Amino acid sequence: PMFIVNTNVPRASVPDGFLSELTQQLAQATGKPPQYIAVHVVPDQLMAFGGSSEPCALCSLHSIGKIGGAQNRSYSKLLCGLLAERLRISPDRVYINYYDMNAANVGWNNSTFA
């Protein structure tokens, strides 16, 4: 799985251990080994949500399977919770795009997961 967070929150406001927490929590939530989890946080972005520049986040979670109605609701609760607690971003100013990737469309280690 791959989780990316783009936010206007300042780099200094991202707490130590944030990437490790995301990795652990996502491994738990998706049921995939943490060794396969990639996380990426991009602070200090020029963005607006609803026409406002208050703290917000635009994210994406890509996974080969483990994507669906109920699972995505669970992921959203978990991730919005983390963003709210760690980055002080209101859940209603967070968008998370979920992508169910086909194994043949994910490259890794000179080949794909097909």
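Don't overthink the numbering: it's just position in the shown sequence, from 1.
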* To do: Look up the CA B-factors in the entry and say which stretch, 10-18 or 90-98, has the higher mean.
  => 10-18
* Asked: Looking at the deposited entry, does 44-52 or 58-66 carry the larger mean Cα B-factor?
  -> 44-52
* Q71 - which third its CA temperature factor falls in, relative to the rest of the chain -> middle
* Chain third (lowest, middle, highest) by recorded CA B-factor, residue given as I4 -> lowest
* Asked: If you rank the chain by CA B-factor, which third does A27 end up in: lowest, middle or highest?
  -> highest
